[PDB]
Amino acid sequence: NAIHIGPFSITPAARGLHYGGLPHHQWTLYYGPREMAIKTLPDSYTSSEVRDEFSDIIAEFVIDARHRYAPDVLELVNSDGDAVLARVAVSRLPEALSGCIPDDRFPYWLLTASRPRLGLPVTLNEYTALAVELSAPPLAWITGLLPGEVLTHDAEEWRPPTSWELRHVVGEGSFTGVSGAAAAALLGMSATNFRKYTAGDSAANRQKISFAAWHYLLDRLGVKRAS
Amino acid sequence: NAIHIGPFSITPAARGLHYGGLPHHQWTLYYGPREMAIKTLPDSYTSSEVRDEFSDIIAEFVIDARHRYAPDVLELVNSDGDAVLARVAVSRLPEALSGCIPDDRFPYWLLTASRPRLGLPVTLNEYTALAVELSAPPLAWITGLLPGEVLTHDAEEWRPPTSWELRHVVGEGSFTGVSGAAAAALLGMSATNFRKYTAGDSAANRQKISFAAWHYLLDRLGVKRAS
Amino acid sequence: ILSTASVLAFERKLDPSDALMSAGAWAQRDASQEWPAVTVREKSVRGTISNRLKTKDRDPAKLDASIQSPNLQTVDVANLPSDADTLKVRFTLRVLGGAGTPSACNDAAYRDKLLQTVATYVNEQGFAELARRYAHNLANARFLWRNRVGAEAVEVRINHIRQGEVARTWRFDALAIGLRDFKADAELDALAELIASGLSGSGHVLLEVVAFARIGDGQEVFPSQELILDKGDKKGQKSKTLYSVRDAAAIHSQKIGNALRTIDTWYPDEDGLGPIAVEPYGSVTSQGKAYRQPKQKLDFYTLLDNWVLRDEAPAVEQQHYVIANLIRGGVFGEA
Amino acid sequence: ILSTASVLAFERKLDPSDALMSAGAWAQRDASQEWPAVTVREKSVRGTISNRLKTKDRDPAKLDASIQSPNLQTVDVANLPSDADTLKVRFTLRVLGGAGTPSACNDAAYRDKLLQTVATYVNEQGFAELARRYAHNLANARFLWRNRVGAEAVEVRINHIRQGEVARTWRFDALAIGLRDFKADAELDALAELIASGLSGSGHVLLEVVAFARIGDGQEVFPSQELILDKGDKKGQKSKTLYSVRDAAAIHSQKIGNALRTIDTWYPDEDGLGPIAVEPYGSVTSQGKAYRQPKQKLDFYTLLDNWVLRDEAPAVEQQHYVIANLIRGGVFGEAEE
Amino acid sequence: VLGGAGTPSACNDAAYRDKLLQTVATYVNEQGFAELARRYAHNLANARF
Amino acid sequence: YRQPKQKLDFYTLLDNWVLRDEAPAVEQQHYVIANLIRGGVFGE
């Protein structure tokens, strides 16, 4: 009786032991193939108790993945250098940046928040254009947990996600927290036709999601911008 | 031998006449059911000559549709009221607007470009957030030429576009100027499977485009933002 | 053998004039020769968005902004004067005859077959059913399209004018003769006999029709609307034009002719909705729907091709409909 | 399986005429057939600089130099005579009936579904609430828009005219009947039964409405204001035009029609402001605001589409509002803006 | 002389309208129109017109 | 007079009174309510 919380799985050890006189089982928490934790939990524990035994390790994983794969931050500052006027979390860099210290020849500069700053002089209209083009969605850090060949825009190199990669974004235990019914309603489908995507093996009536539906779903969940 | 330029069609009159001794035919230019023009063009005119006989009327239609269905413009101004610091073409209004004359209690205001101005005080970070959320794509005016029930996000009220509505955005004569091969490459499909969408009648092997593919295509063509 | 003609055209019978409007008082209807014409004026109209929104509930500030900048237009309007309550609408209508003869035809065998087919039609029964329905549509004032809706009393005077003076006078109460069903009456059948004698070619029929509608003092009448294309965008103030013969509000002659031939009660959908105007693929624009679709075998073209080429004479109601469409006239050919 | 028709159009019921203005003295209100009309005159106006200015302006040299060269206008104006203190406003009103049947419609299934929906509305209750509110708006002279404000005495005479003569007469004190609340009165309710008989198709209702407002000698009355079209005019033209019918100052018929249907009290914002005119997304131009915004489900189109397509009948006052909007008429359907 | 001197005939903002209405209301509660009506009665008394 | 460089014109006095709750002197309050009795078109 395994427990699935998004991409995490908690399985018992298939033969218990007797600790303190009481029967116990070893529960292992995996994140895919990577073994994250083992606990020795007694029998007559409900699956909810097994769930929030490992909820703290899952929450620490979420904090670490959210901090590690955070998108970049550009800062709009004035000509002196300090006094950040605006900030914008970008998923890409404006590609004209080249290491800059702002002077007073231009009133507005767009620097990186990283410390050897790169920067560009702007005039509040091209800053708005860059912020419109390059902004990051609120759940962009989940793109750090994905293989990148499922995130590419080139359809020659794209491959569809597996069920484990699909459970990163869709499901009640996923990092977006969006159920399969709501994700089916986002794509204009039924719940059963969308549950066909979340089976796991190609035999049990499972087809793969299409390029347009996957990228549109990543757009609508606020994960990838997908312009 | 009709001629199709996007959603426009130029048909001959099925029996000619003799004008000035030379044989002629009446060519009618339609925009769907609406009859736009009639000309009397001679025989021994190639289809290219029939095309740029009506190209000027088509260009005037494009100018009028681009000016009529232009998106709204918000202006970021300072506390005095004049001296527009930034402009942004939005496809929607920020919904907190309520008729405003800017004063010096706040240094930055976001007014409408329409003359009974609506406005809001902002602080260059929520202005960036509003411009990221509400910006208009470069070909948003084509959404004025579409029935709106093909543009809705609610999948209960959405219906797929017809072939004539699909020729507004896809095709060499369309208003986006994007061919069927490039639009197939945008959706990760083949040219033949995408040409199945552009037949016209349900008998001749034509299926309808899906909700996710249609909205993702409108996203990738720069027509609807489709967040 | 015996294919249909490539060109074929019929001039119309039952030619009406333009129907001119004037205003006066009820019970002065017999002195209604110096009644002044109803004039067309202009007025300013400020309105707001009462149409459906394209993006329904996704932009309330756009709605408030559009209400703060309302639509200003200039509209043509036509009312009765404030001291007169009766609209008088007058036109003339001539019935000619020679209904089967085309004004253009390519094949001589086709027009001889058509001429003998309509000759057998007249020989089996006269024009009496068609002329009875036309006299009904003259009896009720259906040519008052919206000027009859909600009228207190409608009264039609029909003068058969043989020489320069009137030869006969009919007087009908158009609210008694309904818009629904075709009844029988001695005066109505006498008028039908006159219309059928005009339709057969045995006489020259010229009628003067005058309708009096009792609407109310200063109320709005409805003439025909002109075309205002490509003037609603640059300035866009003039947004409605009413048709007028010189300084007098008028109804178009084709509108009167559409109200006259509203006789078709034989369309395969139903008959509980009432008569429609005769047309190939007999269709109503206000309903957006074609009765007598060509997928059914009851439009004008398949009926005429079966009656003429393959000698399959349809039912007597469908023969009435085909001869009514020949009376209406039109361009029938390979287009 | 049943969608809304793509075209759908309702002709209006409650058609008023243009309201004509005449002037006379009070207590000659019974001999008010030879009262002369209120004419429209011109006058000259010199204007100060009394609007807001930009920060590019408000420098004292520029403001004083703008005060040096003033602005001169010609203005249309309408007044009572100096020997008459009573404005008389006369119009006629047709109550017709047949309010459910559209004048144009695409779908036949939608047509008879809508027809039987209006039929169940009429079977459940008459037009008596709507006709009561319309008779209220006839009884208080709300069709005098600014000519009623600050008036000493307003009196309304309503003649129901069946044949060429008077069939019945009502006399109302329009300052007694409020513009706020909808009371009950036997004469007013009998007028409501007449109007409800007209709206039901059971008869032909024609009324003549006359209002007498005691304003004062020579005071300014307010006819309808026309729209002036001048492109490149020569510095001192007309800046205000007033509507007139044969040299008689007048109010537009749609102004009277807007003041007649000021019956919507059921909008979800509040009820302490008063009734507004029945509109889809019920909106007044003076406040610049749309009550019954479609984000709430109380605009006309979502109410009608729930009542007809999905059989979700709303509350009975929302049903009153939807039937009042059908009596108003309009172009509903996919001619969307 | 009519009354109702605080209420606008047309306005965009409802919140600004209520703030202005209560500001004029506090003006009336602090003192009546007696100074302004006194000056208007003076301008009526002398024939300045 | 009431030149807007000085803060005694009607618009600045009404804006300070209504927005910032800075009620002016009672004479200037008389002037503002006199302007509201006068009526006008106050807007951009």
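Labels A, B, C, D, E and F are assigned to the chains in the order they are written; within every chain, residues are numbered from 1.
Here is the rule we go by: contacts are C-beta pairs under 8 Å (C-beta built on N, C-alpha and C of every residue); 3 or more make two chains touch, one makes a residue touch a chain.
Counting only chains that touch, the fewest steps needed to get from chain C to chain E is 2. Without chain E, the rest of the assembly holds together as one piece through touching. Distance from the chain D centre to the chain E centre is 29 Å, each centre being the mean of its Cα atoms. The distance from the centre of chain B to the centre of chain C, each centre being the mean of the chain's C-alpha atoms, comes to 41 Å. Put simply, the C-alpha centre of chain C and that of chain D have 34 angstrom between them. Taking the mean of the C-alpha atoms as each chain's centre, chain E and chain F sit 13 Å apart. Residues of chain A in contact with two or more other chains: none. Residue positions 54, 60, 64, 68 of chain C each touch two or more of the other chains. Interchain contacts (touch definition given at top) occur between A-B, B-C, B-D, B-E, B-F, C-D, D-E, D-F, E-F.
Chain C makes touch with chain D in their complex at residues 26-27, 41, 43-54, 56-57, 60, 63-64, 67-68, 70, 72, 74, 79, 81-82, 85, 146, 149-150, 152, 215-220, 235, 237, 286-289.
Considering their complex, residues 76, 85-88, 124-125, 128, 131-132, 135, 155, 158, 185, 187-189, 210-213, 215-217, 219-220, 226-227 of chain A touch chain B. Those residues of chain F that touch chain B in the shared complex are 15, 19-20, 43-44. The touching residues of chain B, when paired with chain C in their complex, are 14, 64, 68, 72, 92-99, 112, 114-116, 118, 148. For chain D in complex with chain B, the residues that touch the partner chain are 52, 54-56, 288, 334, 336.
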